[PDB]
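*Asks:* Following this: a sequence and the matching experimental structure.
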Amino acid sequence: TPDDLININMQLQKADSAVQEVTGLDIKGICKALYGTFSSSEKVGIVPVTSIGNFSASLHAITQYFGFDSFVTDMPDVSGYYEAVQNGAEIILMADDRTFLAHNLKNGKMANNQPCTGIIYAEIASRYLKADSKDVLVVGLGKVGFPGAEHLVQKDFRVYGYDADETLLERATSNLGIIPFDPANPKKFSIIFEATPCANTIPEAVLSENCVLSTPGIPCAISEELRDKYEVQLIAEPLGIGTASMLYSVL
Ligand SMILES: NC(=O)c1ccc[n+]([C@@H]2O[C@H](COP(=O)([O-])OP(=O)(O)OC[C@H]3O[C@@H](n4cnc5c(N)ncnc54)[C@H](O)[C@@H]3O)[C@@H](O)[C@H]2O)c1
Ligand SMILES: [Mg+2]
Ligand code: NA
């Protein structure tokens, strides 16, 4: 509500700075570099869906920050959708338990939260100013991680991948031509991308001093101890960066 407004706005400004530190660009600039696209106060309708609407309030906060004219509809679901279109929304933003989408009504473009999150976090990791090599470790090759790994291959990085499910590791190896990472033969990285719903997924063996860990993952892949010891540059934010990615991907 009131101090939460300050709280979300703080967390976004922090993340923006962490992104500036690592890449030289802010989140706005990353999206501009990623999609060749820019905010022009487009009207975005945030429609709550049945699946107390605090998530939509966060999205309102987040979209305001990036220079969009956003609103939350009074009605939820289909009534909400209708209210949004009728009130001049150019982009619809909405989520249920399994899908979070942004739909641009002007141009027909639609984004899914998961690939957009994976692409932007991978992009941020790839742009690490003080990285020594083009080698990158991706841990987690699910709905967020696989598209992030794909983005990294297309930017001609040498991508190593690991997933706890051999099945998903196999898929990525075949589809993307990434190198399977073996914990029995680790290697140090200066660039790490992690898309896992688990903590302590990044072993100490893999870390180098002043590496970037870029992770949308909840909770955090590295312990506070290890990120202190290695002075790990941490890119992690729970909703805003992914949301910006979506919005900018559809403009
Ligand atoms: N911060 C954001 O803005 C944002 C946006 C979208 C998703 N997320 C988060 O990103 C995370 C991943 O989302 P997703 O859709 O890719 O999940 P997913 O379930 O589709 O895939 C996650 C992958 O991580 C793998 N994994 C789990 N534990 C592992 C371990 N110990 N070592 C290696 N791999 C492991 C799983 O096998 C799975 O393939 C989730 O925690 C999700 O909440 C964050
Ligand atoms: Mg995010
Ligand atoms: Na994680």
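*Replies:* Received, thanks. Residues are numbered from 1 along each chain as shown. Ligands and ions are numbered 1, 2, ... in the order given.

*Asks:* In the stretch 101-250 of the chain, mark out all the helices, start to finish.
*Replies:* In order along the chain, the stretch 101-250 of the chain carries the following helices (DSSP state H, counting those that start in this stretch): 113-126, 145-154, 166-176, 224-229, 240-250.

*Asks:* Backbone dihedrals for the one residue in the stretch 51-200 of the chain that gets nearest to ligand 3, please?
*Replies:* For the stretch 51-200 of the chain, the nearest residue to ligand 3 under the criterion Cβ to the ion is residue 196, separated by 4.2 Å. Yep, even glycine has a C-beta here, placed from its N, CA and C like the rest. Taking degrees, to the nearest 10, you get phi -130, psi 150 for the backbone angles of residue 196.

*Asks:* which residues touch it?
*Replies:* When the contact criterion is Cβ atoms under 8 Å, 6 or more residues apart in numbering, the partners of residue 196 are 139, 140, 142, 145, 164, 215, 217, 221.

*Asks:* do that again at 6 Å, thanks
*Replies:* Residues near residue 196 by Cβ atoms under 6 Å, 6 or more residues apart in numbering: 140, 217.

*Asks:* Enumerate the positions of stretch 151-158 that are buried.
*Replies:* For stretch 151-158, a neighbour-count test (16 or more other Cβ atoms under 10 Å) marks 151, 152, 153, 157 as buried.

*Asks:* Next one: the second one from residue 45, what distance?
*Replies:* Residue 152 sits at a distance of 33 Å from residue 45 (criterion: Cβ to Cβ, to the nearest Å).

*Asks:* same thing with residue 104?
*Replies:* Residue 104 sits 11 Å away from residue 45 when distances are taken as Cβ to Cβ.

*Asks:* So if I had to pick from these two, which one is more boxed in?
*Replies:* It is residue 45, of residue 104 and residue 45, that has more neighbours when counted by other Cβ atoms under 10 Å, with 24 against 19.

*Asks:* Identify all contacting residues around the helix or strand hosting that one.
*Replies:* When elements are defined using DSSP states H and E, residue 45 is found to belong to strand 43-46. Residues from elsewhere that reach strand 43-46, judged by Cβ under 6 Å, 6+ apart: 56, 59-60, 63, 68-70, 72, 84, 88-93.
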